[PDB]
There are 4 protein chains.
Amino acid sequence: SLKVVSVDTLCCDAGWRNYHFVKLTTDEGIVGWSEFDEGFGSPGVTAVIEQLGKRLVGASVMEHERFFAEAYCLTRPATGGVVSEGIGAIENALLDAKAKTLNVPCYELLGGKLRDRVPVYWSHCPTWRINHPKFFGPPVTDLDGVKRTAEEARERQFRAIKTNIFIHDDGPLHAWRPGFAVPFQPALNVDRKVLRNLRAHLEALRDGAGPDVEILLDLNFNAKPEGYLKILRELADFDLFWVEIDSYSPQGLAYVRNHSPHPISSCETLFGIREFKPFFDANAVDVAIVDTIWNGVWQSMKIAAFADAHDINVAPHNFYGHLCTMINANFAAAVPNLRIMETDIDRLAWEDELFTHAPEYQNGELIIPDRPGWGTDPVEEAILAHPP
Amino acid sequence: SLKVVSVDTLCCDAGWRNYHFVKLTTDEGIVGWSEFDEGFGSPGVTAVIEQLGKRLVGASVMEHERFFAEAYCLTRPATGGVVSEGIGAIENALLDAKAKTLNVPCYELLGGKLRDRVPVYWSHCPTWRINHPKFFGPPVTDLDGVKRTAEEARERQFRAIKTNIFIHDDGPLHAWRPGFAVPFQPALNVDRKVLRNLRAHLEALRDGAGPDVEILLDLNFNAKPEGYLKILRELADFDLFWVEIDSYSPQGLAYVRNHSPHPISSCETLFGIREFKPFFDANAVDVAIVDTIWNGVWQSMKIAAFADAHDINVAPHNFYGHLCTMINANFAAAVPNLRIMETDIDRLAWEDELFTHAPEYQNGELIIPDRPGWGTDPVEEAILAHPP
Amino acid sequence: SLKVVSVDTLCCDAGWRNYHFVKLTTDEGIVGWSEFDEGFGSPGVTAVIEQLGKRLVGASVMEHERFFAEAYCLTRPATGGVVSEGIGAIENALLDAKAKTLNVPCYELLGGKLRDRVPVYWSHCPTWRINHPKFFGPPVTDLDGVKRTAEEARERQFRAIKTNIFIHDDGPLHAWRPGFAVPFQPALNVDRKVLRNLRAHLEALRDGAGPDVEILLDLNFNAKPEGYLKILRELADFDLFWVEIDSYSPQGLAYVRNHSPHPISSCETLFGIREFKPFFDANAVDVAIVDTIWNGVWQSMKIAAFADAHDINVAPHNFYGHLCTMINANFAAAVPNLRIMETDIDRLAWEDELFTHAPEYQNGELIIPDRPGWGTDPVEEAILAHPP
Amino acid sequence: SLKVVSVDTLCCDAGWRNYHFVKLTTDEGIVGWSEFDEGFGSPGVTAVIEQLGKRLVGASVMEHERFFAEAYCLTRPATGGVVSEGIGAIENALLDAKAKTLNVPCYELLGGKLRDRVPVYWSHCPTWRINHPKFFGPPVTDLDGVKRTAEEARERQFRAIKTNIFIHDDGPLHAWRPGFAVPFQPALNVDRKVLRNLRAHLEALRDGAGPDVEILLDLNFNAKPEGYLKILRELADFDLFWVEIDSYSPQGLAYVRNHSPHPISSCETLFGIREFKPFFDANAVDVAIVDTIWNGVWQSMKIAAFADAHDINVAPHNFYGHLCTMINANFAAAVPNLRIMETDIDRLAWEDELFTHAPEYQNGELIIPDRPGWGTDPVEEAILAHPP
Ligand SMILES: [Mg+2]
Ligand SMILES: [Mg+2]
Ligand SMILES: [Mg+2]
Ligand SMILES: [Mg+2]
Ligand SMILES: [Mg+2]
Ligand SMILES: [Mg+2]
Ligand SMILES: [Mg+2]
Ligand SMILES: [Mg+2]
């Protein structure tokens, strides 16, 4: 039969965080997989999946939009956030299982591919080497290291890199992430210290990158509109591919964009057309970042179509393990209005052990695989060799 | 291989109009079919398809969104209307061929089904018996016939019927379709004659229908906002499932809806999220009618998702041959936010000859088939036995 | 010291659902309590609280807005929903502990009381007797029972009752809750069956209530704007205190209200001023329902002030155990712009065992207690006598 | 009589495309002509005209707005695009025939002329010499050729030239037209390569043009708002007469204009006041380009009046054969709010064979002819000497 027989979750060590997986098995023995995350502000996703998966057992593996519709009904009052992340993770395992059942790559379920390769940017560059040097080396501890990291990206034929906010001139190099309470300074004001350190960091990065490697700047939720404007004025003459600002104020973000000489990207934390809509109605973004790991890829196709009608291109949010990269590769293959795809090029020493296949890059582009499903499977024995 | 080898068009007599078909053949010998129309104000669709199909030969049958994206590029300046109808017809033949290649019904490509049966309304009731009595009988020529037709719908367990505008008290019964120049009276004013004949007709229909069969009223493009308001005021105390008004004025239609005591439906003539958007932004509709035959079903899924975010349910436009009904059945199977499905229950005497399978209704609902593809194929020998 | 030493969660059987509690202990041995829920579409709240509570240990019990600010930072990306419910539950335990530390009732932290008694409505009336007759009797199985339940409310001096949607004429009496997939009919259409059963039910309720007991109607998320309008038209001549409609479409809900002859209430599922704002900007509500159990009472005071500036009165969402009632009583005591307070008068046979104090009603009003903290404590031994 | 007796279509080779013509004959033997196009994304126009022309036979040649009104009715559902192009082509042949019947130039039907000469810009300069060197020479293959072409325009007393997007530094010189799938890169992203090649091309053009010849830049549909902004920022210090951007997003185009230091033109692909209106309401354009060949000149007068009330000047879209130039010359003669007129100065070697009269330019202006009708007639024998 095509019934779902079981929905299980798994977790393994990823150094400074864990990876999580959904494992869905059908009556025929097909196994669909997804990867999800709890580290990025999302405690409780596993608990959601465990409850929702119980309702799925006995249903058709083929009927993923039925599952979505029922799940949305069952959790309507507390929809969004971690509930919606659980639903998305299950969706992504359903899609894998369905594609495997039909012996096709997942992009074959998504309209077919319309490109073979996807341009990427090397994300958390040099953020991972600065923040998690125990896992991603060589460690970066000063402006010369920042420069060398951009040189390495250039040498390795990557066409774009993304950094965050770093303080260089007040002790050991450290990230500035007050929006996530590191440090706890909840007003999120921007001062001369933030501005001059942003400038110093970005100048070093540009010096290493050369003029032909693009630089993206992610500000996450680390200011208010007032402070974002201050940052954009400071950096008015810099060449930036985008400045990324997460906000729950469509009006405030739109004000910021209207005064920006740089492209503004946002939306990586939002769910469904409903949450994206106020931003598009307000002209708040140049680029919409879609987290397909959170939303589910089928739901993400809906969001992509919605963006397309507003002539907005989309970029996947992708900063997890190899399975997330392959999930996003399939989305990226099928979406016409694709800006670029995020990926982390800094990998854990045991990353390749955890998965059957690793993503392949050539000349700054990700090669889209053609195996049934997403293109890689977590390896159960290897997961258990890396307890969280 | 999975290459498209040929794209052909066919045409046959349908009494007072013709049916048209796209026939797409793959290198493996799989044949995908769609049905399209030129009679509903759409001269030139065949010519579009013939040009676009030439570009498709040699491409992958699996890559339908690639074809769509390329076709949109190639025809961008004159997009919409008959160009977009040609693109939609090809899309629908691509989907059939893809589903057949994967040995699944077309709804398996659309998210899977989430219902097995679809409530319908019996459309052009008694419009077809009044306007085309040579083909659909018994002929209706007076108010007693109108009543009897609604009684027949009731007896046959249909839960809803749709009529149009008819003049009963000025000679032989005849339709009032000034928006389509029958008669040519281009101001489209509404007067006492129109209003009293609408009332007389609908009262007869209600008398026959009983209180539990729902009545839909289609006004097409037959007035201006002024006249639609006059009609809604006249019929303020009638129980109507919807009043259907086509308009290229989102502001005017929204004004009409705001003053309507009945649900308003519209949009059957529109293409893509872009054309629907101004109506939804204006709160112009209770129900959005989506013509999936015109748009292509894949594009129609995008429109349905967009409507869903606005909490608007959708209904397919379906008033052609059996293949169009089966196309729409697959769309209807997969869309959560489904209002109801249109179908014509009055059929040509040779309709079943033209197709391998006929739609099946039970207790006022359409049964969704489970054969690979749409669920029915045109029959080439039978097409040629009915030259247009 | 005033440090938090521990944050624990507890759970007990509540018949057809469970109750959940946060237990927070200070270095001085003061215990603060809250009650939270996972049954109303909210799997995962316990998991959130368990993670967040670990961060709270060692912090000052007095610094609740510091905890809130830090928690919001830590979970910013997946804020709202179950994450925000966990934060609210912890807030409410912090407030209890703070008030106990200062030897005052919780309303003393909220601006002081400005009334001594709170008018209530008897909620889920007769919903609980129809849906959960094993726990709340006497069972209601027909229209005569509906009438008798309203008579009982009248006799017992309650001034208002709230019901939901019930189907009486298609087999055994049963609720109509398609928005929560009972039944699974995800389009949420409204038909003659829904409308005539709403009318029959409400007429029976009114017959029992007399003209001086007010009737509230809760539609939850059980239609689309189209269907809500159909319901409001059907019930246009009924005297209703409010019609309650949950929606994630401020534009659609505002359209519905603009065409309503009844007061419209909404918002019970929303978090923070940010989520309420689009509804108020759109003139979408007469009354804003605030779930203080979900939001935290301190955050709910902010929302109440925001509503006050829009001249909108607020009502607590209160349909859980006695501790939730006492939490809401303290909020209700301090808010000037208070519409009314929800409470369930149907109680479990073991409810009073679970808590130290029970709410007291007189002449249709809740008496606001004056004990330190919320006014009642869960009893640990009794919780364990009722395993979930 | 003044009846239309026949409506015929003709087609001839125009090198890399064909020309098409409508030939309308009256009972008195007067022949009215128009020219139309299928190459610019418009397959099917001939088929539309063939159907509509059948309805016209027997009607008065004088009653062109009657024909328009009836045609709009008959094709209302699929209006716009290729249907509307067919209607426009017939309109333009009706106007020619009417003017010839009354022995006046066509501008005498349009309010009379209010100027004798029309300033032009030399369009597709050097686009035609780069893209179609087999037909328009001398071939342009490098930046020096670009410069020399602008020098030639200067020498020949043209006051303005228009170019498109060209890639010079990646192999043989080639156009960048992703919006029309040359190349197929459907996201339409703009990168450093596009930007530096735009700059290099335009700098060469300016070097040749001198400071007193104006340069127009046409971007067609080749980016999204994000990319148009990137282009405008790159070219912020260039002196451009206009930057032309086609868009189906009035909101997105308006955003772009609001951030442009150059005049923005658009609308060449739009039909009727209805399609122009959302752009004008949004302040999306400095200049409205009106395609009178597509719309019909009578309809184009309506659009011009509408633009006039918004204080927007209009420019004809004119890049076809001599008859299109003469059609547009008559429109340009009568419209007060005229920005400038497009024309191609690069002509096919056989162009003058195809028509009775050629347009005359003096000192950068087109001389408006004073012969009955448009001012030139296609020559039937010459059409047949150039089979398509
Ligand atoms: Mg980010
Ligand atoms: Mg979020
Ligand atoms: Mg219709
Ligand atoms: Mg249309
Ligand atoms: Mg409620
Ligand atoms: Mg909610
Ligand atoms: Mg142009
Ligand atoms: Mg167009």
# chains A, B, ... in the order shown; residues from 1 in each chain; ligands from 1
>>> residues_near_ligand(ligand="ligand 4", cutoff="12 Å", atoms="only C-alpha atoms and all ligand atoms", output="ChimeraX atom specification")
/B:40-42,79-85,220-221,246-249,266-272,275-276,290-291,294-295 /D:72-73,75-84
>>> write_last_selection(atoms="C-alpha atoms", output="PDB file, in the first residue's frame")
ATOM      1  CA  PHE B  40     -15.765  32.337 -25.849  1.00  0.00           C
ATOM      2  CA  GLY B  41     -14.335  35.485 -27.387  1.00  0.00           C
ATOM      3  CA  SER B  42     -10.986  33.896 -28.184  1.00  0.00           C
ATOM      4  CA  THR B  79       0.710  38.366 -22.694  1.00  0.00           C
ATOM      5  CA  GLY B  80      -2.748  37.561 -21.376  1.00  0.00           C
ATOM      6  CA  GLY B  81      -5.797  36.720 -23.429  1.00  0.00           C
ATOM      7  CA  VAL B  82      -5.379  34.412 -26.393  1.00  0.00           C
ATOM      8  CA  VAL B  83      -1.583  34.160 -26.054  1.00  0.00           C
ATOM      9  CA  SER B  84      -1.980  33.029 -22.460  1.00  0.00           C
ATOM     10  CA  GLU B  85      -4.788  30.620 -23.486  1.00  0.00           C
ATOM     11  CA  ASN B 220     -21.400  37.987 -17.265  1.00  0.00           C
ATOM     12  CA  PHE B 221     -20.359  41.461 -18.552  1.00  0.00           C
ATOM     13  CA  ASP B 246     -17.266  39.838 -14.865  1.00  0.00           C
ATOM     14  CA  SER B 247     -15.555  43.225 -14.787  1.00  0.00           C
ATOM     15  CA  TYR B 248     -12.302  44.898 -15.694  1.00  0.00           C
ATOM     16  CA  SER B 249     -12.902  47.493 -12.951  1.00  0.00           C
ATOM     17  CA  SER B 266     -15.964  36.970 -10.604  1.00  0.00           C
ATOM     18  CA  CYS B 267     -12.624  36.492 -12.350  1.00  0.00           C
ATOM     19  CA  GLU B 268     -13.308  33.680 -14.860  1.00  0.00           C
ATOM     20  CA  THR B 269     -11.688  35.694 -17.641  1.00  0.00           C
ATOM     21  CA  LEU B 270      -8.474  36.596 -15.789  1.00  0.00           C
ATOM     22  CA  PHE B 271      -4.908  35.272 -16.081  1.00  0.00           C
ATOM     23  CA  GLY B 272      -2.336  34.707 -13.335  1.00  0.00           C
ATOM     24  CA  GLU B 275      -4.623  39.923 -12.915  1.00  0.00           C
ATOM     25  CA  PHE B 276      -6.472  38.545  -9.873  1.00  0.00           C
ATOM     26  CA  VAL B 290     -10.503  30.365 -12.078  1.00  0.00           C
ATOM     27  CA  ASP B 291     -10.417  29.220 -15.703  1.00  0.00           C
ATOM     28  CA  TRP B 294      -7.282  29.113 -20.116  1.00  0.00           C
ATOM     29  CA  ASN B 295      -4.537  29.468 -17.437  1.00  0.00           C
TER      30      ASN B 295
ATOM     31  CA  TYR D  72     -14.880  44.674 -27.904  1.00  0.00           C
ATOM     32  CA  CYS D  73     -18.214  43.037 -27.029  1.00  0.00           C
ATOM     33  CA  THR D  75     -14.045  39.401 -27.684  1.00  0.00           C
ATOM     34  CA  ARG D  76     -14.586  40.867 -24.181  1.00  0.00           C
ATOM     35  CA  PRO D  77     -13.439  37.746 -22.278  1.00  0.00           C
ATOM     36  CA  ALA D  78     -10.039  37.532 -23.979  1.00  0.00           C
ATOM     37  CA  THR D  79      -9.523  41.241 -24.575  1.00  0.00           C
ATOM     38  CA  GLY D  80      -6.079  42.817 -24.632  1.00  0.00           C
ATOM     39  CA  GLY D  81      -2.987  41.405 -26.262  1.00  0.00           C
ATOM     40  CA  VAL D  82      -3.330  39.812 -29.673  1.00  0.00           C
ATOM     41  CA  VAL D  83      -7.127  40.188 -29.809  1.00  0.00           C
ATOM     42  CA  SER D  84      -6.781  43.907 -29.173  1.00  0.00           C
TER      43      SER D  84
END
>>> select_by_dssp(residues="region 225-281 of chain A", states="helix (DSSP H, G or I)", output="VMD selection string")
chain A and resid 225 to 234 250 to 258 272 to 281
>>> residues_around(residues="region 318-331 of chain B", least_positions_apart="6", cutoff="9 Å", atoms="only C-alpha atoms", output="ChimeraX atom specification")
/B:14,19,33-37,92,96,105-108,110,113,117-118,123-124,291-293,297-298,300-301,341-344,347,351-352,354-355,357-359,366-369,373-378
>>> closest_residue(among="D:4, D:312, D:229, D:205", to="chain A", atoms="only C-alpha atoms")
D:229
>>> residues_around(residues="region 149-165 of chain A", least_positions_apart="6", cutoff="9 Å", atoms="only C-alpha atoms", output="NGL selection string")
:A and (119-127 or 129 or 138 or 140 or 174-177 or 194 or 197-198 or 201-202 or 204-210 or 212-220 or 222 or 241 or 342 or 362-365)
>>> write_last_selection(atoms="N, CA and C atoms", output="tab-separated table (two decimals), in the first residue's frame")
chain	number	residue	atom	x	y	z
A	119	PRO	N	23.64	29.34	-8.79
A	119	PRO	CA	24.68	30.16	-8.17
A	119	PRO	C	24.43	30.28	-6.68
A	120	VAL	N	25.52	30.20	-5.92
A	120	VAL	CA	25.47	30.33	-4.49
A	120	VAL	C	26.27	31.51	-3.98
A	121	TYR	N	26.03	31.83	-2.72
A	121	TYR	CA	26.95	32.65	-1.94
A	121	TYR	C	27.43	31.84	-0.74
A	122	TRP	N	28.70	32.03	-0.39
A	122	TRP	CA	29.31	31.39	0.75
A	122	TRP	C	28.92	32.21	1.98
A	123	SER	N	28.02	31.63	2.77
A	123	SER	CA	27.43	32.33	3.91
A	123	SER	C	28.25	32.19	5.19
A	124	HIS	N	27.94	33.00	6.20
A	124	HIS	CA	28.69	32.98	7.46
A	124	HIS	C	30.20	32.99	7.23
A	125	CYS	N	30.59	33.96	6.41
A	125	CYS	CA	31.94	34.09	5.88
A	125	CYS	C	32.44	35.50	6.15
A	126	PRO	N	33.26	35.68	7.20
A	126	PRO	CA	33.99	34.71	8.04
A	126	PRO	C	33.33	34.36	9.39
A	127	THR	N	32.01	34.57	9.47
A	127	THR	CA	31.29	34.41	10.72
A	127	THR	C	31.54	33.09	11.46
A	129	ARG	N	34.15	31.00	11.09
A	129	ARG	CA	35.54	30.93	11.55
A	129	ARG	C	35.82	31.83	12.73
A	138	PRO	N	40.49	27.75	9.14
A	138	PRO	CA	41.31	28.25	10.24
A	138	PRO	C	40.59	29.35	11.01
A	140	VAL	N	39.54	32.76	12.68
A	140	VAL	CA	39.72	34.16	12.33
A	140	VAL	C	39.61	34.97	13.62
A	174	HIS	N	34.71	39.75	18.35
A	174	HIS	CA	33.47	39.12	18.79
A	174	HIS	C	32.29	39.68	18.00
A	175	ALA	N	31.25	38.86	17.91
A	175	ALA	CA	30.06	39.19	17.14
A	175	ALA	C	29.22	40.15	17.93
A	176	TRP	N	28.45	40.93	17.21
A	176	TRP	CA	27.51	41.89	17.76
A	176	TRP	C	26.13	41.40	17.34
A	177	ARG	N	25.41	40.79	18.29
A	177	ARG	CA	24.12	40.13	18.04
A	177	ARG	C	23.11	40.48	19.13
A	194	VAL	N	29.65	50.54	16.75
A	194	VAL	CA	29.10	49.58	15.79
A	194	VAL	C	29.45	50.02	14.37
A	197	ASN	N	33.25	49.71	13.38
A	197	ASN	CA	33.65	48.31	13.29
A	197	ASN	C	33.06	47.61	12.06
A	198	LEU	N	31.79	47.90	11.75
A	198	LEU	CA	31.22	47.47	10.46
A	198	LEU	C	32.06	47.93	9.30
A	201	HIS	N	35.60	46.08	9.26
A	201	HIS	CA	35.38	44.69	8.84
A	201	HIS	C	35.11	44.54	7.36
A	202	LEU	N	34.15	45.31	6.86
A	202	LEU	CA	33.79	45.26	5.48
A	202	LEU	C	34.93	45.73	4.55
A	204	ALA	N	38.15	45.37	5.09
A	204	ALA	CA	39.06	44.22	5.06
A	204	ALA	C	38.54	43.12	4.16
A	205	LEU	N	37.25	42.83	4.30
A	205	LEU	CA	36.64	41.84	3.42
A	205	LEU	C	36.74	42.21	1.95
A	206	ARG	N	36.49	43.49	1.62
A	206	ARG	CA	36.55	43.95	0.25
A	206	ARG	C	37.98	43.90	-0.31
A	207	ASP	N	38.93	44.26	0.54
A	207	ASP	CA	40.37	44.23	0.20
A	207	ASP	C	40.77	42.80	-0.22
A	208	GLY	N	40.26	41.80	0.50
A	208	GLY	CA	40.52	40.39	0.17
A	208	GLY	C	39.70	39.83	-0.99
A	209	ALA	N	38.45	40.27	-1.09
A	209	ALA	CA	37.51	39.74	-2.08
A	209	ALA	C	37.87	40.16	-3.51
A	210	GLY	N	38.52	41.31	-3.64
A	210	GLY	CA	38.69	41.93	-4.93
A	210	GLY	C	37.37	42.59	-5.30
A	212	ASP	N	35.40	41.91	-7.88
A	212	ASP	CA	34.45	41.02	-8.56
A	212	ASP	C	33.75	39.93	-7.72
A	213	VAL	N	34.09	39.81	-6.46
A	213	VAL	CA	33.36	38.94	-5.57
A	213	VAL	C	32.38	39.84	-4.85
A	214	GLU	N	31.10	39.46	-4.85
A	214	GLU	CA	30.06	40.29	-4.23
A	214	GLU	C	30.02	40.07	-2.73
A	215	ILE	N	29.70	41.12	-1.97
A	215	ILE	CA	29.62	41.03	-0.51
A	215	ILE	C	28.18	41.32	-0.08
A	216	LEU	N	27.62	40.39	0.69
A	216	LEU	CA	26.30	40.52	1.31
A	216	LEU	C	26.53	40.81	2.79
A	217	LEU	N	25.65	41.63	3.37
A	217	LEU	CA	25.72	42.00	4.78
A	217	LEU	C	24.42	41.62	5.47
A	218	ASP	N	24.50	40.77	6.48
A	218	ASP	CA	23.31	40.36	7.23
A	218	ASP	C	23.33	41.05	8.59
A	219	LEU	N	22.28	41.84	8.82
A	219	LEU	CA	22.06	42.51	10.08
A	219	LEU	C	21.07	41.82	11.00
A	220	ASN	N	20.46	40.73	10.52
A	220	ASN	CA	19.48	39.97	11.29
A	220	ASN	C	18.46	40.94	11.93
A	222	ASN	N	19.22	43.00	14.49
A	222	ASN	CA	20.13	43.67	15.44
A	222	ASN	C	20.00	45.18	15.59
A	241	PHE	N	25.80	43.61	-2.30
A	241	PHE	CA	24.86	42.80	-3.08
A	241	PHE	C	23.48	42.89	-2.45
A	342	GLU	N	21.83	30.57	-0.72
A	342	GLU	CA	22.75	30.52	0.41
A	342	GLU	C	23.33	29.14	0.61
A	362	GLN	N	30.88	23.69	-8.41
A	362	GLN	CA	31.83	23.93	-9.50
A	362	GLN	C	31.69	25.36	-9.96
A	363	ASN	N	32.81	26.10	-9.98
A	363	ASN	CA	32.84	27.48	-10.45
A	363	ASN	C	31.78	28.34	-9.79
A	364	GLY	N	31.64	28.17	-8.48
A	364	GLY	CA	30.74	28.98	-7.69
A	364	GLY	C	29.28	28.61	-7.78
A	365	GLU	N	28.97	27.43	-8.33
A	365	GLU	CA	27.57	27.03	-8.49
A	365	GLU	C	27.36	25.66	-7.88
>>> residues_around(residues="residue 69 (chain D)", least_positions_apart="6", cutoff="12 Å", atoms="only C-alpha atoms", output="ChimeraX atom specification")
/B:178-181,184-188 /D:56,63,75-76,84,87-88,91,299
>>> closest_residue(among="B:64, B:147, B:168, B:193", to="chain A", atoms="only C-alpha atoms")
B:64
>>> residues_around(residues="residue 53 (chain B)", least_positions_apart="5", cutoff="12 Å", atoms="only C-alpha atoms", output="VMD selection string")
(chain B and resid 4 to 9 22 to 25 45 to 48 58 to 59 61 67 to 68 70 to 71 86 to 91 93 to 94) or (chain D and resid 43)
>>> residues_around(residues="residue 65 (chain A)", least_positions_apart="4", cutoff="7 Å", atoms="only C-alpha atoms", output="PyMOL selection string")
(chain A and resi 69) or (chain B and resi 111-112+114)
>>> interface_residues(of="chain A", to="chain D", cutoff="9 Å", atoms="only C-alpha atoms", output="count of residues only")
24
>>> decode(residues="region 167-185 of chain D", atoms="N, CA and C atoms", output="mmCIF file, in the first residue's frame")
data_model
loop_
_atom_site.group_PDB
_atom_site.id
_atom_site.type_symbol
_atom_site.label_atom_id
_atom_site.label_comp_id
_atom_site.auth_asym_id
_atom_site.auth_seq_id
_atom_site.Cartn_x
_atom_site.Cartn_y
_atom_site.Cartn_z
ATOM 1 N N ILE D 167 26.458 43.289 -24.317
ATOM 2 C CA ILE D 167 27.611 42.682 -23.677
ATOM 3 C C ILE D 167 28.780 42.666 -24.667
ATOM 4 N N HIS D 168 29.825 43.391 -24.298
ATOM 5 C CA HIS D 168 31.000 43.649 -25.149
ATOM 6 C C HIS D 168 32.230 42.835 -24.749
ATOM 7 N N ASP D 169 32.320 42.428 -23.493
ATOM 8 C CA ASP D 169 33.581 41.878 -22.968
ATOM 9 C C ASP D 169 33.532 40.383 -22.666
ATOM 10 N N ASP D 170 32.602 39.673 -23.299
ATOM 11 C CA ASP D 170 32.483 38.239 -23.130
ATOM 12 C C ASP D 170 32.216 37.605 -24.480
ATOM 13 N N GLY D 171 33.223 37.657 -25.344
ATOM 14 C CA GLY D 171 33.114 37.090 -26.673
ATOM 15 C C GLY D 171 32.588 38.119 -27.662
ATOM 16 N N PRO D 172 32.062 37.649 -28.812
ATOM 17 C CA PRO D 172 31.507 38.531 -29.825
ATOM 18 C C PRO D 172 30.396 39.354 -29.216
ATOM 19 N N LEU D 173 30.353 40.626 -29.575
ATOM 20 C CA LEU D 173 29.297 41.524 -29.124
ATOM 21 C C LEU D 173 27.908 40.929 -29.312
ATOM 22 N N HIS D 174 27.100 40.984 -28.259
ATOM 23 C CA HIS D 174 25.769 40.388 -28.322
ATOM 24 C C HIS D 174 24.823 41.085 -27.353
ATOM 25 N N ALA D 175 23.544 41.012 -27.684
ATOM 26 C CA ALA D 175 22.505 41.685 -26.916
ATOM 27 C C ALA D 175 22.214 40.879 -25.684
ATOM 28 N N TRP D 176 21.737 41.574 -24.672
ATOM 29 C CA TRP D 176 21.329 40.997 -23.406
ATOM 30 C C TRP D 176 19.831 41.238 -23.310
ATOM 31 N N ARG D 177 19.048 40.180 -23.551
ATOM 32 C CA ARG D 177 17.580 40.259 -23.637
ATOM 33 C C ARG D 177 16.928 39.094 -22.884
ATOM 34 N N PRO D 178 17.369 38.860 -21.633
ATOM 35 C CA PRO D 178 16.800 37.728 -20.890
ATOM 36 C C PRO D 178 15.271 37.807 -20.708
ATOM 37 N N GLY D 179 14.708 39.001 -20.661
ATOM 38 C CA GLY D 179 13.256 39.111 -20.551
ATOM 39 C C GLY D 179 12.511 38.486 -21.715
ATOM 40 N N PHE D 180 13.199 38.375 -22.858
ATOM 41 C CA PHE D 180 12.669 37.690 -24.039
ATOM 42 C C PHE D 180 13.406 36.374 -24.334
ATOM 43 N N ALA D 181 14.045 35.828 -23.283
ATOM 44 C CA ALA D 181 14.710 34.516 -23.272
ATOM 45 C C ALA D 181 15.902 34.430 -24.215
ATOM 46 N N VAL D 182 16.570 35.563 -24.425
ATOM 47 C CA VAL D 182 17.860 35.578 -25.104
ATOM 48 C C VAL D 182 18.856 36.344 -24.232
ATOM 49 N N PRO D 183 19.561 35.638 -23.346
ATOM 50 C CA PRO D 183 19.539 34.171 -23.107
ATOM 51 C C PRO D 183 18.403 33.750 -22.170
ATOM 52 N N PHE D 184 18.173 32.444 -22.042
ATOM 53 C CA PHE D 184 17.164 31.964 -21.113
ATOM 54 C C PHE D 184 17.781 31.977 -19.733
ATOM 55 N N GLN D 185 17.381 32.963 -18.943
ATOM 56 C CA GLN D 185 17.834 33.136 -17.572
ATOM 57 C C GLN D 185 16.692 33.875 -16.863
#
